[PDB]
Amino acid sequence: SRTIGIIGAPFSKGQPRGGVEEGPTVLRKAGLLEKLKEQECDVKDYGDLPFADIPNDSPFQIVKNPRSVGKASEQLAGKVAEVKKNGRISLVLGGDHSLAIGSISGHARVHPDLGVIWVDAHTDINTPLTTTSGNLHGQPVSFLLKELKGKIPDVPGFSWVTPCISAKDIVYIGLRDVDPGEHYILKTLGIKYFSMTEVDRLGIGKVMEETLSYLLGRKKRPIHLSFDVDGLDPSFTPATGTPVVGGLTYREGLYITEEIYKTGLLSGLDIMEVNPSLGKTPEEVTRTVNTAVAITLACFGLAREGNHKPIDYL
């Protein structure tokens, strides 16, 4: 049995729009913890992390809010590793995607052999030097990869970081808005990816088979799934900062997570970029939070074919 540790990460400074810091509140109020308990699940809430304001935080070159972003990830890393040490699956509710730096980092402290599956419209792999936006939620993978050590300058707020994953340890699913520099890195390091082009080519069934085979063929290992909700089409998750049309369907989102759940190796989870303030209507907000919740429940056992307890129902 899956045991769970819920971590709230109400943080927005990895990008411009503020509303994403509310993601944990709105997911919680949607009944997340309750529905989890409704299923197989033993849930422990570690609360929402308290991130002190860092009011003196001028850009580093063009990188924005570097100390605030870096400290928020540091604090998160500590709480993830703690949850992992407590033998629980970590569930991080964001919060912008810059927090993956901390989530993946703390996870890797307890499980250095983790493999990452990254569900997203973006590769989030810009370095502080290749970024044009300066937004750190567009940079988390660059900091985590060993191969890029040599390419990440010393950014204030980030000296605690030590890249914990190799290019071989991550698979992207969903890409459809990749910066040229990101694409250069992607191709140079030979990272496994399934852009929407591949999903279209192969079908989500084969995508997940290749993804799981690629990460677990050699050896079973813990899986960290970093789910940016903008990975799904904005018709399912509109309330988000950087939506891109041509996204994954609701069905595909549920199939990805259904398949991961079934490995029995889900070890860390991030549910990121829900910005309720960005819904053009109250129904767009509910649709977004509802989808986010459903993705999460699938990650912990809720299957479309149904579920039952080990009793005789007749």
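Don't overthink the numbering: it's just position in the shown sequence, from 1.
Colleague: Taking the mean of the C-alpha B-factors per stretch from the entry, tell me the winner out of 29 to 37 and 252 to 260.
Modeller: Per the deposited B-factors, the answer is 29 to 37.
Colleague: If you take the mean CA temperature factor per stretch, which one wins between 170 to 178 and 76 to 84?
Modeller: The recorded data point to 76 to 84.
Colleague: Among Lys206, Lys192, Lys219, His122, single out the one with the highest C-alpha B factor in the record, please.
Modeller: When the deposited C-alpha B-factors of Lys206, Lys192, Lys219, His122 are compared, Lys219 is largest.
Colleague: Using the entry's values, work out which of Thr132, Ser235, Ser142, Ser98 has the largest Cα B factor.
Modeller: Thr132 has the highest C-alpha B-factor of those listed.
Colleague: Consider only the C-alpha atoms of the modelled residues in this chain, order them by B-factor as the entry records it, and name the third containing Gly106: lowest, middle or highest.
Modeller: For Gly106, whose C-alpha B-factor we compare with every modelled residue in the chain, the answer is the middle third.
Colleague: Among the chain's modelled residues, which third holds the C-alpha B-factor of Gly18?
Modeller: It belongs to the highest third of the chain when residues are ordered by C-alpha B-factor.
Colleague: Sorting by Cα B-factor within the chain, modelled residues only, which third would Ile62 end up in: lowest, middle or highest?
Modeller: Highest third - that is where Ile62 ends up once the chain's C-alpha B-factors are sorted.
Colleague: Test of reading the entry: by CA B factor among the chain's modelled residues, which third contains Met272?
Modeller: Lowest third.
Colleague: Per the entry's values, where does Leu266 land by CA temperature factor relative to the rest of its chain, in the lowest, middle or highest third?
Modeller: Within its chain, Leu266 is a lowest-third residue by C-alpha B-factor, going by the deposited values.
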